[PDB]
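In what follows, chains are A, B, ... by sequence order, proteins preceding strands, each numbered from 1. Values reported hereafter were calculated over all heavy atoms of this structure, with side chains retained and with hydrogens, waters and symmetry mates removed.
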Amino acid sequence: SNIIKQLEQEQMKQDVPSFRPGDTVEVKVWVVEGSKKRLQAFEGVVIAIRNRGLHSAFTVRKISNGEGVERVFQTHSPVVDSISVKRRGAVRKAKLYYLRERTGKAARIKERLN
Amino acid sequence: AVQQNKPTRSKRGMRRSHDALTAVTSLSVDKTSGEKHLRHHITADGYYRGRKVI
Amino acid sequence: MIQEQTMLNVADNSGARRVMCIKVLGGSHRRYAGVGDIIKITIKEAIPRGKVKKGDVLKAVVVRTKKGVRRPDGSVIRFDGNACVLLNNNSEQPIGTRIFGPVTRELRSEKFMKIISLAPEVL
Amino acid sequence: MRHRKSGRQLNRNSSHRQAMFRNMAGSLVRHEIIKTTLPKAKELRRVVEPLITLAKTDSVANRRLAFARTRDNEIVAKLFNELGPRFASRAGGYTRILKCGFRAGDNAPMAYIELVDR
Amino acid sequence: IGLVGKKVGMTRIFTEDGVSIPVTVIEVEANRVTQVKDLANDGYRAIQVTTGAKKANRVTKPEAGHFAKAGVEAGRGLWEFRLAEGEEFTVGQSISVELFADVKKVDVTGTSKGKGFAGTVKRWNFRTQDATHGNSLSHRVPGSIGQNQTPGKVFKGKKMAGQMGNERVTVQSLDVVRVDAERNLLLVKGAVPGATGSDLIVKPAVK
RNA sequence: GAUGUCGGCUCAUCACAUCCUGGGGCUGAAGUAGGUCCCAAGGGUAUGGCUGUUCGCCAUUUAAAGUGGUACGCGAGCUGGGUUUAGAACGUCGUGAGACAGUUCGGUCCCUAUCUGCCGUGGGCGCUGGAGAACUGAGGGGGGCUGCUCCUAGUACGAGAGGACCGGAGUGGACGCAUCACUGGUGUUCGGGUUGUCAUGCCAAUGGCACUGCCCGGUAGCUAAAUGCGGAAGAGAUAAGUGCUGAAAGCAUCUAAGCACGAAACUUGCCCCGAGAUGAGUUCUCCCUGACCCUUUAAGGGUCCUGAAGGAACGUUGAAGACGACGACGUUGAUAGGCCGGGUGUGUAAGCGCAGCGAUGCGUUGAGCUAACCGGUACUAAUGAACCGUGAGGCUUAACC
RNA sequence: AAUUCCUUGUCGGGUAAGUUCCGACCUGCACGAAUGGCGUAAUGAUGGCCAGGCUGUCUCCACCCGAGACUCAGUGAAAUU
RNA sequence: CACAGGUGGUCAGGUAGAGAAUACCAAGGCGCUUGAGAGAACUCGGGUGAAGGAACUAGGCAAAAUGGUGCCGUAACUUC
RNA sequence: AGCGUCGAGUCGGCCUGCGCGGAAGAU
RNA sequence: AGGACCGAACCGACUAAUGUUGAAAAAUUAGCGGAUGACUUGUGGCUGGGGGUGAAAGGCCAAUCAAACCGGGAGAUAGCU
Ligand SMILES: [K+]
Ligand SMILES: [K+]
Ligand SMILES: [K+]
Ligand SMILES: [K+]
Ligand SMILES: [K+]
Ligand SMILES: [K+]
Ligand SMILES: [K+]
Ligand SMILES: [K+]
Ligand SMILES: [K+]
Ligand SMILES: [K+]
Ligand SMILES: [K+]
Ligand SMILES: [K+]
Ligand SMILES: [K+]
Ligand SMILES: [K+]
Ligand SMILES: [K+]
Ligand SMILES: [K+]
Ligand SMILES: [K+]
Ligand SMILES: [K+]
Ligand SMILES: [K+]
Ligand SMILES: [K+]
Ligand SMILES: [Mg+2]
Ligand SMILES: [Mg+2]
Ligand SMILES: [Mg+2]
Ligand SMILES: [Mg+2]
Ligand SMILES: [Mg+2]
Ligand SMILES: [Mg+2]
Ligand SMILES: [Mg+2]
Ligand SMILES: [Mg+2]
Ligand SMILES: [Mg+2]
Ligand SMILES: [Mg+2]
Ligand SMILES: [Mg+2]
Ligand SMILES: [Mg+2]
Ligand SMILES: [Mg+2]
Ligand SMILES: [Mg+2]
Ligand SMILES: [Mg+2]
Ligand SMILES: [Mg+2]
Ligand SMILES: [Mg+2]
Ligand SMILES: [Mg+2]
Ligand SMILES: [Mg+2]
Ligand SMILES: [Mg+2]
Ligand SMILES: [Mg+2]
Ligand SMILES: [Mg+2]
Ligand SMILES: [Mg+2]
Ligand SMILES: [Mg+2]
Ligand SMILES: [Mg+2]
Ligand SMILES: [Mg+2]
Ligand SMILES: [Mg+2]
Ligand SMILES: [Mg+2]
Ligand SMILES: [Mg+2]
Ligand SMILES: [Mg+2]
Ligand SMILES: [Mg+2]
Ligand SMILES: [Mg+2]
Ligand SMILES: [Mg+2]
Ligand SMILES: [Mg+2]
Ligand SMILES: [Mg+2]
Ligand SMILES: [Mg+2]
Ligand SMILES: [Mg+2]
Ligand SMILES: [Mg+2]
Ligand SMILES: [Mg+2]
Ligand SMILES: [Mg+2]
Ligand SMILES: [Mg+2]
Ligand SMILES: [Mg+2]
Ligand SMILES: [Mg+2]
Ligand SMILES: [Mg+2]
Ligand SMILES: [Mg+2]
Ligand SMILES: [Mg+2]
Ligand SMILES: [Mg+2]
Ligand SMILES: [Mg+2]
Ligand SMILES: [Mg+2]
Ligand SMILES: [Mg+2]
Ligand SMILES: [Mg+2]
Ligand SMILES: [Mg+2]
Ligand SMILES: [Mg+2]
Ligand SMILES: [Mg+2]
Ligand SMILES: [Mg+2]
Ligand SMILES: [Mg+2]
Ligand SMILES: [Mg+2]
Ligand SMILES: [Mg+2]
Ligand SMILES: [Mg+2]
Ligand SMILES: [Mg+2]
Ligand SMILES: [Mg+2]
Ligand SMILES: [Mg+2]
Ligand SMILES: [Mg+2]
Ligand SMILES: [Mg+2]
Ligand SMILES: [Mg+2]
Ligand SMILES: [Mg+2]
Ligand SMILES: [Mg+2]
Ligand SMILES: [Mg+2]
Ligand SMILES: [Mg+2]
Ligand SMILES: [Mg+2]
Ligand SMILES: [Mg+2]
Ligand SMILES: [Mg+2]
Ligand SMILES: [Mg+2]
Ligand SMILES: [Mg+2]
Ligand SMILES: [Mg+2]
Ligand SMILES: [Mg+2]
Ligand SMILES: [Mg+2]
Ligand SMILES: [Mg+2]
Ligand SMILES: [Mg+2]
Ligand SMILES: [Mg+2]
Ligand SMILES: [Mg+2]
Ligand SMILES: [Mg+2]
């Protein structure tokens, strides 16, 4: 309880930027091709955030080479090098699973001018 | 499914060896009214732990 | 998470458009194929003048699944559809010459190096 | 299994339970002492005590929340005008349950539940 | 020997190379030796230990006299560990989680969570019969429980419905992820038996 | 005066004439891979198409898809396709009623478990003064499957082609145990959207009902598809088999004396139960240190005084639970509820203001509300008592003091 | 073939695989012309077969809401023997 | 049997609706003559379900699904 | 057997007593 | 116009589950067919047992049908138990 909170607190990243569902984010992740280590960008719409301390996660959806892809990132993982908000989206819901049934014009999110 | 043989009065009694009631171990006595009551319950006259609760 | 009767899209230019898993290979009572596993398939739909025909029985490697893949940090990668790449029944090398859509790092092995190379993106 | 679960079903469905406790909460606020079954009394605390807590801060919003949960303006008025002020300095524990034997008709364990300053 | 601890809960350790290790956090306070058993007196070699604390009103006079002879404060229970021929301990000695400093794997014993009265589907992984196709009242029921006149009985050990869980379970060969002597913590990789708050016995892995 | 009969489903259990995996002899055994016979029952031992099918053929797997017994195991466990009631038709036979070891379409499967058995779970008494714990381990149960890749090594072997033993490492399938950190499901007890209608005087705001009205999300818990772990090594005694030394039988001979090796079988090792193990065991600790009477005088029966250790009961309860049971707590108190703070979820409440003819938008505002969560907190309820349990614990013999 | 025993006849189609189905062949065990023959649009809670959609039918079950089952109080059966 | 059965005629409010369907209500009438707890297996009646989608089975049995109005549009075959 | 050797038994039929293998099954 | 179409009342009874000492000696629940007709329904009437009636199932004729029910021949007869 207090023990686990203390164990979790000391592993948490301090520099996680504020983002919300509907934002376009670019996540840079470490890829390790044997000895070679490099960053790969994954850019897309945040459709879900799990706020849960060290166990926080967020789900990013993108259309990639004619295929819908979702990645669930573990927010405090060292695999995740950096997160940056590219565009702020205006949505009502916490969870944008309805976007899975939409493509192109129908899947557009209005910009949040705030 | 039903018995093939009539069970005895002996076996009836043996089954009922666990049916006996337990009397209340003891009654409590209200400090004020002196009324006997079931422990942690109010008295018949509406006392509990000395206080006229109802 | 592919089983017998599962229909897959085709992530190559072999000519097949829809294939059905008829066996999950590689063990007694093995239930499911995930990304990187080889399945037996039948071709249910194909383009005319392709490398393969409707009704052909051959192998495929699963390259995308809706169930997706877990990574060592606990992350998930999920796709919108199930897709495979057709393999020659004996040699287990790709029939096609191009790969369509993303694949995953799970394929990075000696057996599926041609798929990795041809893939437009490796997640 | 019911590990860590809260709330008694009381051999009713959810809509019946909600209506019953709304009625019983109104009865307790009105009369300040009621007799009910011991399990119902224990559940009633979880309904009535939050209403009293709500009634410590008199605002339009809170009166409407209380109205939504009681559906009785007489009860809302008594909560905000009488009980909230009466319990302003008390940190929870606005009710007490007094066990009082067994009901004649069905041997149900009974209890009085009353507001503590009645 | 091993030590007695408490299941605090589960979390994860992120490694530098981006592995998330699921861990059970075990609180291992000082285990205090309450009795040493030897071949002469007892017929076997073992230590009895206590850990934690107990309310003085809940410590009975027989319990209290046993702790008083050892010269230790009452803990929440007593547990024995058998000694190997090399090992030696004194009454009143404290044993900390530092015992596990160089131990790579441990066996963890606890009482599994209680499922109460469980059906054959849950308890024994029996297959359900048809949900439809005419099935009459026999969806999760066990099916046949024997043969016919030969043998004309049900065999002992027949898998049937009954109490499930709430029993001693050992999970073997769990990696020790961290020994934190300062905070009285052992982190082991993966799940161990029992609810949060339950007692665990941790021993160096037998295999 | 009824022993339900085919096939399937569910659940099995044994045999070994062994399908796989293990050990081995012979080979027309170079190697790889086979053949054949011996030992071996530990574990393991396909999914589909067609058909009522069992079977079979076929497709595609697998280390393998064993053979049999169990009322051709299993309908007071399920099914009811086949088959043998009554309806109807075809072919066929018959003058006909009708009929067929022909076909075809349709066509009611009851039982609340007394006893045995079995899975669980209590109560009683016992175990010799009583009590609280920790144990020992007689005995019992669980578990025991295996692929592929790499190294050894393109080495041994082979004219090439191909291609090992032995040993080592990695990673899977199936199965099992646990768990909920993660990924998810559920989440009628949380939040929101929304249709119809009724109500709260009306507006605004809310509530009821319509499957939770319909939906979208989702906390705790439970959970698998989630992720940890397991099968072993080692040891003993062996099977078939292989030997050493060695006579009977000057030789020879694994055997007669003596000695050695030898497998998933056996006994252990691992996990769980376990002293009703009446053969009722052990260790540690705690408690009780009054008086008196009668009498078939004996392990006799009262009386007054005493009431321990501890237990139970009652109450607040639990990640424990059908009930019992088991665990926590009872004011010298966090046991439950409430309350406070936080978290989580939902997604910017109401009211007011501003913009707009208006629907609505914007500000106040990531607002309001928020279950089972976390950290705290005596506000409420866990009572002073009472109850059960006693008062030094048999005889005999031995040893010691 | 609502008729064919041999028979899952044979050939073609459909399926990865089809004793059923559809199209043929004629070797009709044992069709056949008002106890009608062969066709036939429409119709059918009719028989057989295939496909799209759909799904807890199934892989393989999980959780939840209710009514019983369980406990307490009241009443109080039955077959069988 | 104070029994989820059977029994002909007449009357016909409101909102929504094509409607005497259906939902919610009015007038009016009722809560069905054992209750109280608990929140096991299993049974019954329901809700939701990852990935798959008939692999189930004698057989898609059951379930899931479709579902309104207006307009556009609609094949073989046909007794038109 | 050694019979290029040394020092008494040795060979293999027959009949018969008692044993041995042949000999795998399902709670 | 219609033994026309969709669909309540009304009339039926194709499937499934439940129930099977039932709530019920044939039902309940979810679906299902007909629904201006060879329709359906109230009241009354007529047909009588080798007889009736039957869009024909040996169906129905008072929970009874390959010959109703009640009384009688009657203590039929029973080489059977
Ligand atoms: K068998
Ligand atoms: K061999
Ligand atoms: K075996
Ligand atoms: K059967
Ligand atoms: K039987
Ligand atoms: K049954
Ligand atoms: K018996
Ligand atoms: K979880
Ligand atoms: K959850
Ligand atoms: K409303
Ligand atoms: K004992
Ligand atoms: K128990
Ligand atoms: K509290
Ligand atoms: K706002
Ligand atoms: K506002
Ligand atoms: K919030
Ligand atoms: K014929
Ligand atoms: K004729
Ligand atoms: K004609
Ligand atoms: K007659
Ligand atoms: Mg009894
Ligand atoms: Mg709780
Ligand atoms: Mg009830
Ligand atoms: Mg409702
Ligand atoms: Mg439990
Ligand atoms: Mg099954
Ligand atoms: Mg039935
Ligand atoms: Mg059923
Ligand atoms: Mg017997
Ligand atoms: Mg008989
Ligand atoms: Mg053998
Ligand atoms: Mg065996
Ligand atoms: Mg054996
Ligand atoms: Mg063994
Ligand atoms: Mg088969
Ligand atoms: Mg049989
Ligand atoms: Mg058999
Ligand atoms: Mg039977
Ligand atoms: Mg049949
Ligand atoms: Mg007939
Ligand atoms: Mg039955
Ligand atoms: Mg054993
Ligand atoms: Mg065993
Ligand atoms: Mg598994
Ligand atoms: Mg959690
Ligand atoms: Mg979720
Ligand atoms: Mg929901
Ligand atoms: Mg809601
Ligand atoms: Mg009004
Ligand atoms: Mg309004
Ligand atoms: Mg209403
Ligand atoms: Mg209503
Ligand atoms: Mg061994
Ligand atoms: Mg010799
Ligand atoms: Mg093995
Ligand atoms: Mg006290
Ligand atoms: Mg939030
Ligand atoms: Mg609102
Ligand atoms: Mg803002
Ligand atoms: Mg709060
Ligand atoms: Mg707390
Ligand atoms: Mg035939
Ligand atoms: Mg044929
Ligand atoms: Mg053919
Ligand atoms: Mg098919
Ligand atoms: Mg078929
Ligand atoms: Mg034909
Ligand atoms: Mg004819
Ligand atoms: Mg003819
Ligand atoms: Mg003629
Ligand atoms: Mg003629
Ligand atoms: Mg005709
Ligand atoms: Mg014709
Ligand atoms: Mg009773
Ligand atoms: Mg009644
Ligand atoms: Mg009635
Ligand atoms: Mg009527
Ligand atoms: Mg109306
Ligand atoms: Mg109506
Ligand atoms: Mg229930
Ligand atoms: Mg159900
Ligand atoms: Mg549903
Ligand atoms: Mg699903
Ligand atoms: Mg969902
Ligand atoms: Mg889905
Ligand atoms: Mg589909
Ligand atoms: Mg299909
Ligand atoms: Mg099938
Ligand atoms: Mg099948
Ligand atoms: Mg259907
Ligand atoms: Mg439906
Ligand atoms: Mg012999
Ligand atoms: Mg008509
Ligand atoms: Mg009729
Ligand atoms: Mg109906
Ligand atoms: Mg019609
Ligand atoms: Mg109609
Ligand atoms: Mg007839
Ligand atoms: Mg009749
Ligand atoms: Mg006659
Ligand atoms: Mg006569
Ligand atoms: Mg007579």
> Can you tell me if A/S56 and A/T75 form a side-chain donor-acceptor pair at under 3.5 Å?
Replying inline: no

> Once each nucleotide of nucleotides 367-374 of chain F is scored for protein heavy atoms under 4.0 Å, what B/S/- sequence comes out, 5' to 3'?
Replying inline: --SSSBSS

> Considering every strand shown, what is the Watson-Crick or G-U wobble mate of H/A62 when both distances are under 3.5 Å?
Replying inline: none

> Less than 3.5 Å between a donor and an acceptor, one on the side chain of E/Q129 and one on the base of F/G77, is that the case here?
Replying inline: yes

>> For F/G343, give the paired nucleotide (Watson-Crick: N1-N3 plus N6-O4 or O6-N4; G-U: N1-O2 and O6-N3; both under 3.5 Å), or none.
In response: none

> So, E/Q48 versus E/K37: side-chain donor-acceptor pair below 3.5 Å or not?
Replying inline: no

> If you take atom types as modelled and just measure distance, does the side chain of D/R71 reach the base of F/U206 with a donor-acceptor pair under 3.5 Å?
Replying inline: yes

>> When the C1' atoms of F/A372 and F/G172 are compared, how many Å lie between them, rounded to an integer?
In response: 41 Å

>> Regarding D/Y112 and D/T36, do their side chains bring together a donor and an acceptor under 3.5 Å, going by distance alone?
In response: no

> Does any N or O donor sit under 3.5 Å from an N or O acceptor when you compare the side chain of B/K6 with the base of G/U81?
Replying inline: no

> Between the side-chain atoms of E/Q48 and the base atoms of F/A134, is any donor-acceptor pair under 3.5 Å?
Replying inline: no

> Can you list every salt bridge (charged side-chain N to carboxylate O under 4.0 Å, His left out) pair that touches residues 143-170 of chain E, not counting sequence neighbours?
Replying inline: none

>> Could you tell me how far apart E/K37 (NZ) and F/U136 (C1') are, to the nearest whole angstrom?
In response: 9 Å

>> Using a 4.0 Å heavy-atom cut-off, does D/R103 contact any base of the nucleic acid, only the sugar-phosphate backbone, or nothing at all?
In response: sugar-phosphate

> With both distances under 3.5 Å as the test, what is the Watson-Crick or G-U wobble partner of J/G44?
Replying inline: none

> Which parts of nucleotides 175-188 of chain F does protein reach within less than 4.0 Å, heavy atoms only, written one letter per nucleotide 5' to 3' as B for base, S for sugar-phosphate only and - for none?
Replying inline: SSSSSSBBSS---S

> How about A/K95: does its NZ atom have over 12 heavy atoms from other parts shown lying under 6.0 Å from it?
Replying inline: yes

> If pairing requires Watson-Crick or G-U wobble contacts with both distances under 3.5 Å, which nucleotide is the partner of F/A210?
Replying inline: F/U195

>> When you measure from the side-chain N and O atoms of E/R140 to the phosphate of H/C42, is any distance below 4.0 Å, counting only OP1 and OP2?
In response: yes

>> Just N and O in the side chain of E/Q163: are any of them under 4.0 Å from OP1 or OP2 of F/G321?
In response: yes

> What is the base-pairing partner of F/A33, counting Watson-Crick and G-U wobble geometry with both distances under 3.5 Å?
Replying inline: none

>> Between J/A17 and H/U10, how far apart are the two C1' atoms, rounded to whole Å?
In response: 40 Å

>> For F/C284, is there a stacking contact with E/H66, counting only centres under 5.5 Å and planes under 30°?
In response: no

> Looking at the strand neighbours F/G158 and F/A159, are the centres of their six-membered rings under 5.5 angstrom apart while the planes meet at under 30 degrees?
Replying inline: no

> Is G/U71 paired to anything, Watson-Crick or G-U wobble with both distances less than 3.5 Å, and if yes, which nucleotide?
Replying inline: H/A36

> Distance between the P atoms of F/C39 and F/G52, in whole angstroms?
Replying inline: 46 Å

>> Give me the distance, rounded to whole Å, that separates F/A350 from F/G337 when you measure between the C1' atoms they each carry.
In response: 30 Å

> Which value, in whole Å, describes the distance between the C1' atoms of nucleotides G/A69 and H/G45?
Replying inline: 15 Å

>> Stacking test, J/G22 against J/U21: centre separation of the six-membered rings below 5.5 Å and plane angle below 30 degrees, yes or no?
In response: no

>> Counting only side-chain heavy atoms from C-beta out, which of F/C270, F/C119, G/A16 sits nearest to C/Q5?
In response: G/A16

